[PDB]
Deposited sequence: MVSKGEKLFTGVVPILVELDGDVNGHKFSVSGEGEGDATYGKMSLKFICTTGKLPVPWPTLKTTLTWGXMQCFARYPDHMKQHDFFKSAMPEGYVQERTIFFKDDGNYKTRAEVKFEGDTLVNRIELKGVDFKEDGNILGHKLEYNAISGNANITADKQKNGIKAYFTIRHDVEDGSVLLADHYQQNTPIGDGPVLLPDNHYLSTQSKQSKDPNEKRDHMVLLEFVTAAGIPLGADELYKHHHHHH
């Protein structure tokens, strides 16, 4: 086992912080939970700390820790995310919502002592004030599916791409086209993978004792696409 992989063999505490601005509507989200990468598992609860969340929770799920993926033994040499730890990586995305605005996100994912911390800035522009996002017309349901990973040797990191299909309350679909770039924070060697994907199985719920705007997730993430 590498130094980075060794940090994830047990249960790891998670802290998430997000500062957001969508069409000048400012909001903050905090999250807490535990990661168990041996089983690809994350258990998370997110709270909007600024009152009412001005966008649907589903639009923030992908923004709110691919280091917790389970890489099968035969694919361990393709796990860039753990290889960058503990110093961490920067994760940047643009998410283009078809016929609506875009989110630009920049996050730093690293260990602070024993805690895996994900610190995120999100900026959203050009949204329709009574579209499906600012109008809150998305179904509060689980998003599952694949994130396609490729090496980015020029940046000593990875790129990813995938589309999320958000269900709209009228039975339409809002496509969220994700472009992702990750770069290591430290100067130590990282693993540059062959092409593969991460498969996410998600269960989304509410805490009946929580009065704050919130989202509870149970996520399972598995690397795939290179045969045993």
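**Request:** Quickly check which stretches of the deposited sequence aren't in the model, judged by C-alpha, and list them in order.
**Result:** 1, 66-69, 234-246 are the stretches of the deposited chain that have no C-alpha coordinates in the structure.
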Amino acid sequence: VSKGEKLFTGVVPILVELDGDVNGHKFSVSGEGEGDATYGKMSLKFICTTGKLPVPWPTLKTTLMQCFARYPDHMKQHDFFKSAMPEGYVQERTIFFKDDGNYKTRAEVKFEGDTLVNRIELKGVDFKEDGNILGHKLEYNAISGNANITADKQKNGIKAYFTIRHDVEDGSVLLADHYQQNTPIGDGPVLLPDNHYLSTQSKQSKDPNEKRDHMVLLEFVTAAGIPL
From here on, numbers count along this sequence of modelled residues.
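**Request:** Averaging the C-alpha B factors as listed in the entry, name the stretch that ends up higher: 123-131 or 83-91.
**Result:** So the stretch with the higher mean C-alpha B-factor is 123-131.
**Request:** Can you let me know which of the two, 33-41 or 165-173, has the higher average C-alpha B-factor in the entry?
**Result:** Comparing averages over the C-alpha atoms only gives 165-173.
**Asked** Of the options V117, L138, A107, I149, which has the highest CA B factor as deposited?
**Response** So the option with the highest C-alpha B-factor is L138.
**Asked** By the record's CA B-factor, is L217 among the lowest, middle or highest third of residues in the chain?
**Response** It falls in the middle third of the chain.
**Message:** Is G20 in the lowest, middle or highest third of its chain when residues are ranked by C-alpha B-factor?
**Reply:** Middle third of the chain for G20's C-alpha B-factor.
**Request:** Using the B-factors in the PDB entry, rank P58's C-alpha atom against the chain and give the third, lowest, middle or highest.
**Result:** According to the entry, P58 has a C-alpha B-factor in the chain's middle third.
**Message:** Which third, lowest, middle or highest, does the C-alpha temperature factor of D99 belong to within its own chain?
**Reply:** For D99, whose C-alpha B-factor we compare with every modelled residue in the chain, the answer is the highest third.
**Message:** Sorting by Cα B-factor within the chain, modelled residues only, which third would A223 end up in: lowest, middle or highest?
**Reply:** Its C-alpha B-factor, which the entry lists for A223, ranks in the lowest third among residues of this chain.
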